[PDB]
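Below: one structure, written as structure tokens.
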Protein chains: 2
Amino acid sequence: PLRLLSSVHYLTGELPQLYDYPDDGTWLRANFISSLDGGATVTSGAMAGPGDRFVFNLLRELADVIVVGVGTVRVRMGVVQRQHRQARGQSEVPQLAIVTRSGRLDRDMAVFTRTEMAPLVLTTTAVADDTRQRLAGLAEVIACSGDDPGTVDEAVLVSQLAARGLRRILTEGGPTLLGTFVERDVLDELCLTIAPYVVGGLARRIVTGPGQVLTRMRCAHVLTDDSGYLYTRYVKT
Amino acid sequence: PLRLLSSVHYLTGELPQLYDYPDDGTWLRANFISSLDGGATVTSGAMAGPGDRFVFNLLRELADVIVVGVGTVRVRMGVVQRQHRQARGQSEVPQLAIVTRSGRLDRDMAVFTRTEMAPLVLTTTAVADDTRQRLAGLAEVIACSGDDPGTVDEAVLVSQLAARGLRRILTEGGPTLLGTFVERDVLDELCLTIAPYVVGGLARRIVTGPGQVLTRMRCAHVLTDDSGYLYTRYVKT
Ligand SMILES: C[C@H]1CNc2nc(N)[nH]c(=O)c2N1
Ligand SMILES: C[C@H]1CNc2nc(N)[nH]c(=O)c2N1
């Protein structure tokens with residue numbers, strides 16, 4: 001009933017295929033890293049070696065847009081990355097989209113200053129106009145409310161991105177945003193690097209919040225390196 | 001730099017070898033299960049299928065003693081298990097050891113009633129005598145203090161078990177106890193079942209507490225089944 005996994009193929013070229021987005025339709029992929037004991041932070045960078053950086057950069061290269069919660073904002077491509085993106089018919093650098101319920105973003109933000117192009121600000125119908133005026137010249141502000149003008153509806157958010165030709169979506173956090181995607185069951189795929197460390201009880205998980213679900217996912221692949229990291233890809237359902 | 005893992009060997013007999021304890025010396029192994037998003041509970045049973053039950057029972061079968069914190073106590077072997085244990089020179093059923101700093105255990109406890117043999121109660125020098133008197137007939141009470149008679153020293157605990165011929169140690173929790181083992185760096189091995197679910201932000205991790213470490217571990221193996229569970233074994237350092 002059990003089978004041993006082992007190294008069977010040196011990844012030839014072949015990696016982007018293992019992380020391909022579907023040929024059509026919207027697809028929301030998350031990429032996170034955690035310790036063996038489920039801790040997300042030490043930031044997570046301390047747990048991330050060269051292999052994980054390689055996967056991380058690849059997933060950014062494949063994405064139309066990278067969606068990030070505003071807590072975490074408090075995107076570089078190199079020549080080859082830009083080439084590959086252009087060949088596949090994408091913008092040279094992926095768009096950044098920042099999720100905020102309050103819209104309380106400052107112009108003086110690091111996020112607005114060191115980019116090639118204006119990020120998207122994804123927010124509610126209720127604060128969209130004022131946010132649009134305050135961020136004039138810096139960001140495109142998009143209302144992502146469903147039935148309730150005072151909240152962000154995750155399915156609507158995803159649809160708003162798709163409607164702008166940004167159907168291949170990547171999110172890297174933070175844990176609150178990811179927790180809402182998981183709670184609302186709009187997360188299509190989780191790529192998770194399992195780092196070979198234990199960190200003890202203090203650290204938070206890769207998801208936080210009040211939500212509680214039991215969403216079955218299918219294991220699409222597990223990669224590894226000599227350092228004993230596991231680079232996993234799981235897909236609904 | 002990356003290699004693809006895949007199924008290469010149907011586990012013939014062969015499983016206990018993959019989970020062997022060292023031939024001599026003390027060895028503290030933990031066995032836990034968690035979701036992809038690092039949640040330990042839904043209890044953890046809801047995430048545990050037949051494969052995980054099989055591994056769980058095997059690890060109990062291999063152990064000299066199972067150490068559990070008192071929060072979690074609020075051990076069956078079948079004929080074949082007993083045979084195997086006897087062949088390897090072990091007691092027919094592994095000993096249970098309950099860790100308590102306060103010693104505040106009641107005689108009326110479920111843990112004392114449905115067992116073949118008296119559990120060990122691992123506690124402090126300061127409360128050992130009174131605990132010994134209250135639990136007369138039900139438990140052997142062992143003081144596990146190091147320099148401080150009011151605390152449990154994890155290294156001493158492990159040594160007290162070893163001194164009684166119980167050098168092959170398994171712990172299944174709870175998260176506070178595991179968190180102290182991790183914090184004190186006395187955990188030699190973690191067997192971790194990664195269940196193919198996300199559960200959202202509410203659940204706790206497999207470890208809790210104030211501790212914060214960065215302990216590198218080596219990946220000894222990863223097993224899998226058709227359901228997409230990963231049964232991992234990591235070892236210090
Ligand atoms: C901030 C986090 C976010 N998500 C991640 N995912 C992987 N795989 N590696 C990281 O360093 C990080 N950093
Ligand atoms: C109570 C927990 C304890 N540790 C475990 N480890 C595995 N692998 N499976 C479980 O159900 C459990 N149950």
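Lettering and numbering for the structure tokens are positional, with chains as A, B, ... in the shown order, residues counted from 1 in each chain, and ligands counted from 1 in the shown order.
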For this session: Residues up to 9 Å from ligand 2, counting only C-alpha atoms and all ligand atoms: could you list those as a PyMOL selection string?
Result: chain B and resi 30-34+40-41+43-49+52-53+55-56+72+171-175+191-194+206+231
Exercise. Hey, what's within 10 Å of residue 37 in chain B if we count only C-alpha atoms and toss same-chain stuff fewer than 5 positions away? As a PyMOL selection string, please?
Worked result: (chain A and resi 32-34+38-40+178-179+182+190+192+205-208) or (chain B and resi 194-201+203+205)
C-alpha atoms of the current selection, written as a tab-separated table (two decimals), in the first residue's frame:
chain	number	residue	atom	x	y	z
A	32	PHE	CA	4.73	29.42	-0.03
A	33	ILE	CA	7.50	27.90	2.05
A	34	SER	CA	7.25	26.35	5.48
A	38	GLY	CA	4.57	24.12	9.85
A	39	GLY	CA	6.20	27.49	10.56
A	40	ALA	CA	6.19	30.10	7.80
A	178	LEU	CA	-4.00	33.28	1.58
A	179	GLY	CA	-6.28	32.39	4.47
A	182	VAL	CA	-8.43	29.04	1.23
A	190	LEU	CA	-0.62	25.38	-3.90
A	192	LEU	CA	4.74	24.52	-1.32
A	205	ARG	CA	1.53	29.16	9.77
A	206	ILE	CA	1.47	30.08	6.07
A	207	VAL	CA	-2.24	30.84	6.59
A	208	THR	CA	-3.84	32.77	9.43
B	194	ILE	CA	1.72	15.41	5.18
B	195	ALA	CA	-1.96	15.04	4.42
B	196	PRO	CA	-3.23	16.34	1.09
B	197	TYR	CA	-5.60	18.96	2.52
B	198	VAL	CA	-5.71	22.64	3.28
B	199	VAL	CA	-7.63	23.53	6.45
B	200	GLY	CA	-7.36	27.32	6.71
B	201	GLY	CA	-6.15	29.64	9.44
B	203	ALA	CA	-5.90	25.25	13.40
B	205	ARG	CA	0.59	23.78	14.34
Exercise. So which bits of range 56-171 of chain A end up alpha helix (DSSP H) when you DSSP the backbone, as a VMD selection string?
Worked result: chain A and resid 56 to 62 79 to 87 110 to 113 128 to 134 154 to 162
Exercise. Using only C-alpha atoms, which residues sit within 10 Å of residue 93 in chain A once same-chain residues fewer than 5 positions away are excluded, as number ranges by chain?
Worked result: A: 60-65, 75-78, 81-82, 85-86, 115-117
May I have the residues from that selection written out with C-alpha atoms, as a compact mmCIF listing (two decimals), in the first residue's frame?
# COMPACT_ATOMS: atom_id res chain seq x y z
CA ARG A 60 6.98 34.68 -11.03
CA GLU A 61 8.17 34.35 -14.62
CA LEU A 62 5.14 32.25 -15.55
CA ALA A 63 2.52 34.54 -13.95
CA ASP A 64 0.39 37.22 -15.60
CA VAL A 65 -0.09 38.99 -12.27
CA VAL A 75 9.11 42.56 -9.35
CA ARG A 76 12.38 42.01 -11.22
CA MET A 77 12.82 40.10 -14.43
CA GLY A 78 16.21 39.59 -16.05
CA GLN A 81 13.04 35.93 -18.16
CA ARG A 82 11.73 38.81 -20.29
CA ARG A 85 7.75 35.92 -21.29
CA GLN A 86 7.62 37.68 -24.66
CA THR A 115 8.51 49.39 -10.40
CA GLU A 116 8.34 49.54 -14.17
CA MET A 117 4.56 49.83 -14.15
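For the atom pair formed by CA of residue 91 in chain A and CA of residue 103 in chain A, the distance is 26.5 Å, given to one decimal.
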Problem set entry | Best match for closeness to chain A among B:165, B:150, B:50, B:209, counting only C-alpha atoms | B:209
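With distances taken over only C-alpha atoms, A:36 is the one residue among A:36, A:28, A:161, A:152 lying closest to chain B.
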Secondary structure check, strand (DSSP E) residues of chain B, as a short mmCIF file (atom, residue, chain, number, x, y, z; two decimals) with N, CA and C atoms, in the first residue's frame:
data_model
loop_
_atom_site.label_atom_id
_atom_site.label_comp_id
_atom_site.auth_asym_id
_atom_site.auth_seq_id
_atom_site.Cartn_x
_atom_site.Cartn_y
_atom_site.Cartn_z
N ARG B 3 15.54 17.46 -9.00
CA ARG B 3 15.22 16.13 -9.48
C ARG B 3 13.78 15.80 -9.16
N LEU B 4 13.15 15.08 -10.07
CA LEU B 4 11.77 14.65 -9.90
C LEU B 4 11.73 13.40 -9.04
N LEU B 5 10.91 13.39 -7.99
CA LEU B 5 10.67 12.17 -7.23
C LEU B 5 9.53 11.42 -7.87
N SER B 6 9.63 10.09 -7.93
CA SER B 6 8.47 9.29 -8.30
C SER B 6 8.52 7.93 -7.63
N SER B 7 7.41 7.20 -7.73
CA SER B 7 7.30 5.84 -7.18
C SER B 7 8.26 4.88 -7.87
N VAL B 8 9.10 4.21 -7.09
CA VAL B 8 10.14 3.37 -7.66
C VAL B 8 10.14 1.96 -7.10
N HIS B 9 9.53 1.79 -5.94
CA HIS B 9 9.56 0.49 -5.29
C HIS B 9 8.33 0.30 -4.43
N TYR B 10 7.54 -0.71 -4.78
CA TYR B 10 6.44 -1.14 -3.94
C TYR B 10 7.01 -1.78 -2.69
N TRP B 27 17.13 7.17 21.46
CA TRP B 27 16.69 7.79 20.21
C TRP B 27 15.26 8.24 20.42
N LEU B 28 15.01 9.54 20.26
CA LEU B 28 13.68 10.11 20.45
C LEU B 28 13.09 10.44 19.09
N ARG B 29 12.06 9.69 18.70
CA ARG B 29 11.36 9.90 17.43
C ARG B 29 9.99 10.50 17.71
N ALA B 30 9.58 11.45 16.88
CA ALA B 30 8.24 12.01 16.98
C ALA B 30 7.48 11.55 15.76
N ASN B 31 6.18 11.33 15.92
CA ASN B 31 5.31 11.04 14.78
C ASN B 31 4.11 11.96 14.82
N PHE B 32 3.95 12.78 13.78
CA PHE B 32 2.85 13.73 13.72
C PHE B 32 2.24 13.77 12.33
N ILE B 33 1.08 14.39 12.21
CA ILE B 33 0.46 14.56 10.90
C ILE B 33 0.05 16.02 10.78
N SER B 34 0.15 16.58 9.58
CA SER B 34 -0.31 17.95 9.42
C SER B 34 -0.83 18.15 8.02
N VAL B 65 8.88 2.71 24.44
CA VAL B 65 8.02 3.52 25.28
C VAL B 65 7.45 4.64 24.42
N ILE B 66 6.21 5.00 24.70
CA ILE B 66 5.52 6.10 24.04
C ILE B 66 5.33 7.19 25.08
N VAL B 67 5.89 8.37 24.82
CA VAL B 67 5.86 9.48 25.75
C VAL B 67 4.84 10.51 25.28
N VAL B 68 3.94 10.88 26.18
CA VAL B 68 2.81 11.75 25.86
C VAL B 68 2.66 12.82 26.94
N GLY B 69 2.32 14.04 26.54
CA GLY B 69 2.11 15.11 27.51
C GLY B 69 0.74 14.94 28.12
N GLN B 95 5.48 0.54 26.76
CA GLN B 95 5.15 1.28 27.97
C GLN B 95 4.59 2.65 27.59
N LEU B 96 3.70 3.19 28.42
CA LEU B 96 3.29 4.57 28.24
C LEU B 96 3.92 5.43 29.32
N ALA B 97 4.42 6.60 28.94
CA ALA B 97 4.99 7.54 29.89
C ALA B 97 4.32 8.89 29.72
N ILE B 98 3.76 9.43 30.80
CA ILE B 98 3.04 10.69 30.76
C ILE B 98 3.86 11.79 31.41
N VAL B 99 4.12 12.88 30.67
CA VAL B 99 4.90 14.00 31.19
C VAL B 99 4.01 15.06 31.84
N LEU B 120 4.28 5.04 33.20
CA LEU B 120 5.23 5.87 33.92
C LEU B 120 4.67 7.28 33.97
N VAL B 121 4.88 7.96 35.09
CA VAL B 121 4.56 9.37 35.18
C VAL B 121 5.88 10.10 35.36
N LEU B 122 6.22 10.92 34.38
CA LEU B 122 7.49 11.63 34.38
C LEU B 122 7.25 13.05 34.87
N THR B 123 7.85 13.41 36.00
CA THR B 123 7.53 14.70 36.60
C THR B 123 8.75 15.33 37.29
N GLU B 140 4.09 4.20 38.03
CA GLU B 140 5.43 4.43 38.56
C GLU B 140 5.80 5.89 38.30
N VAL B 141 6.14 6.61 39.36
CA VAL B 141 6.40 8.04 39.25
C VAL B 141 7.89 8.30 39.30
N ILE B 142 8.41 8.98 38.28
CA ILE B 142 9.83 9.16 38.10
C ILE B 142 10.17 10.63 38.03
N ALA B 143 11.08 11.08 38.90
CA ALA B 143 11.55 12.47 38.89
C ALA B 143 12.54 12.69 37.76
N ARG B 168 14.41 3.24 23.04
CA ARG B 168 13.72 3.51 21.76
C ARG B 168 12.41 4.22 22.04
N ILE B 169 12.42 5.55 21.92
CA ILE B 169 11.33 6.38 22.41
C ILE B 169 10.49 6.94 21.26
N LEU B 170 9.17 6.92 21.42
CA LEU B 170 8.27 7.54 20.44
C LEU B 170 7.44 8.60 21.14
N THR B 171 7.29 9.78 20.56
CA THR B 171 6.31 10.71 21.11
C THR B 171 5.29 11.10 20.05
N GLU B 172 4.02 11.15 20.44
CA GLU B 172 2.96 11.50 19.50
C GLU B 172 2.31 12.82 19.89
N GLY B 173 2.87 13.49 20.89
CA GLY B 173 2.37 14.80 21.27
C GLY B 173 2.14 14.93 22.76
N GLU B 189 14.58 12.57 15.59
CA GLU B 189 13.94 12.25 14.31
C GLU B 189 12.47 12.70 14.34
N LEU B 190 11.97 13.19 13.21
CA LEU B 190 10.56 13.53 13.07
C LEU B 190 10.03 12.76 11.89
N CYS B 191 9.04 11.91 12.14
CA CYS B 191 8.29 11.27 11.07
C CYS B 191 7.03 12.10 10.89
N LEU B 192 6.81 12.59 9.69
CA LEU B 192 5.70 13.49 9.54
C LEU B 192 4.89 13.07 8.34
N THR B 193 3.61 12.84 8.59
CA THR B 193 2.68 12.61 7.52
C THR B 193 2.12 13.94 7.08
N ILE B 194 2.31 14.24 5.80
CA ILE B 194 1.72 15.41 5.18
C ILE B 194 0.47 14.95 4.45
N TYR B 197 -4.49 18.03 2.30
CA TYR B 197 -5.60 18.96 2.52
C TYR B 197 -5.09 20.33 2.87
N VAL B 198 -5.89 21.36 2.58
CA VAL B 198 -5.71 22.64 3.28
C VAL B 198 -6.88 22.82 4.24
N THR B 215 16.58 24.34 13.48
CA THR B 215 17.28 23.07 13.55
C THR B 215 17.24 22.38 12.20
N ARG B 216 18.40 22.23 11.58
CA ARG B 216 18.46 21.58 10.27
C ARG B 216 18.31 20.08 10.41
N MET B 217 17.46 19.49 9.58
CA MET B 217 17.29 18.05 9.58
C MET B 217 17.52 17.49 8.17
N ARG B 218 17.83 16.21 8.08
CA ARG B 218 18.16 15.55 6.82
C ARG B 218 16.99 14.67 6.42
N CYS B 219 16.62 14.68 5.15
CA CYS B 219 15.50 13.86 4.69
C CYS B 219 15.95 12.43 4.43
N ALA B 220 15.56 11.51 5.31
CA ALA B 220 15.92 10.11 5.18
C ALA B 220 15.06 9.38 4.13
N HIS B 221 13.75 9.62 4.14
CA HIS B 221 12.90 9.07 3.08
C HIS B 221 11.57 9.79 2.95
N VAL B 222 10.94 9.59 1.79
CA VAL B 222 9.56 10.00 1.59
C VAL B 222 8.82 8.82 0.97
N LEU B 223 7.74 8.39 1.62
CA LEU B 223 6.87 7.38 1.03
C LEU B 223 5.59 8.05 0.59
N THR B 224 4.80 7.35 -0.22
CA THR B 224 3.53 7.92 -0.64
C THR B 224 2.55 6.78 -0.85
N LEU B 230 2.11 12.13 1.94
CA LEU B 230 3.56 11.93 1.97
C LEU B 230 3.91 11.47 3.37
N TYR B 231 4.61 10.35 3.49
CA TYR B 231 5.05 9.86 4.80
C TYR B 231 6.54 10.08 4.84
N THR B 232 6.96 11.09 5.60
CA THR B 232 8.36 11.52 5.57
C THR B 232 9.07 11.13 6.84
N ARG B 233 10.39 11.06 6.75
CA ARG B 233 11.22 10.75 7.90
C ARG B 233 12.41 11.65 7.80
N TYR B 234 12.58 12.52 8.79
CA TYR B 234 13.72 13.44 8.83
C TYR B 234 14.50 13.18 10.09
N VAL B 235 15.82 13.34 10.03
CA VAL B 235 16.71 13.00 11.14
C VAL B 235 17.66 14.16 11.42
N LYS B 236 17.99 14.46 12.68
CA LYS B 236 19.05 15.47 12.92
C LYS B 236 20.37 14.95 12.31
#
Problem set entry | Non-local contacts of residue 133 in chain B (12 Å; only C-alpha atoms; under 4 positions in same chain excluded) as a ChimeraX atom specification | /B:103,105-107,127-129,137-141
Taking N, CA and C atoms for each residue, export the selection above as a PDB file, in the first residue's frame.
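Written out: part-v5.pdb:
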ATOM      1  N   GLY B 103       2.254  17.380  38.132  1.00  0.00           N
ATOM      2  CA  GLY B 103       1.950  16.108  38.770  1.00  0.00           C
ATOM      3  C   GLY B 103       0.478  15.977  39.105  1.00  0.00           C
ATOM      4  N   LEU B 105      -2.291  14.731  38.320  1.00  0.00           N
ATOM      5  CA  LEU B 105      -3.030  13.670  37.636  1.00  0.00           C
ATOM      6  C   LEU B 105      -4.025  13.054  38.605  1.00  0.00           C
ATOM      7  N   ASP B 106      -5.206  12.703  38.109  1.00  0.00           N
ATOM      8  CA  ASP B 106      -6.212  12.073  38.954  1.00  0.00           C
ATOM      9  C   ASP B 106      -6.192  10.564  38.778  1.00  0.00           C
ATOM     10  N   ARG B 107      -6.505   9.836  39.850  1.00  0.00           N
ATOM     11  CA  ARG B 107      -6.632   8.384  39.784  1.00  0.00           C
ATOM     12  C   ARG B 107      -7.756   7.995  38.833  1.00  0.00           C
ATOM     13  N   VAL B 127       7.513  17.547  43.037  1.00  0.00           N
ATOM     14  CA  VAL B 127       6.180  16.942  43.236  1.00  0.00           C
ATOM     15  C   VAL B 127       6.157  15.406  43.168  1.00  0.00           C
ATOM     16  N   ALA B 128       7.317  14.825  42.887  1.00  0.00           N
ATOM     17  CA  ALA B 128       7.425  13.376  42.741  1.00  0.00           C
ATOM     18  C   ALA B 128       6.860  12.556  43.916  1.00  0.00           C
ATOM     19  N   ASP B 129       7.178  12.922  45.159  1.00  0.00           N
ATOM     20  CA  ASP B 129       6.740  12.133  46.324  1.00  0.00           C
ATOM     21  C   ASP B 129       5.207  12.084  46.509  1.00  0.00           C
ATOM     22  N   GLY B 137      -0.207   2.180  43.107  1.00  0.00           N
ATOM     23  CA  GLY B 137      -0.891   1.102  42.417  1.00  0.00           C
ATOM     24  C   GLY B 137      -1.222   1.343  40.950  1.00  0.00           C
ATOM     25  N   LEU B 138      -1.236   2.610  40.532  1.00  0.00           N
ATOM     26  CA  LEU B 138      -1.657   2.981  39.180  1.00  0.00           C
ATOM     27  C   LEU B 138      -0.468   3.329  38.274  1.00  0.00           C
ATOM     28  N   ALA B 139       0.566   3.943  38.846  1.00  0.00           N
ATOM     29  CA  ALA B 139       1.679   4.452  38.036  1.00  0.00           C
ATOM     30  C   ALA B 139       3.010   4.408  38.767  1.00  0.00           C
ATOM     31  N   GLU B 140       4.092   4.200  38.027  1.00  0.00           N
ATOM     32  CA  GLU B 140       5.425   4.432  38.562  1.00  0.00           C
ATOM     33  C   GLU B 140       5.802   5.887  38.301  1.00  0.00           C
ATOM     34  N   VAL B 141       6.142   6.611  39.365  1.00  0.00           N
ATOM     35  CA  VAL B 141       6.401   8.038  39.249  1.00  0.00           C
ATOM     36  C   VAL B 141       7.893   8.303  39.300  1.00  0.00           C
TER      37      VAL B 141
END
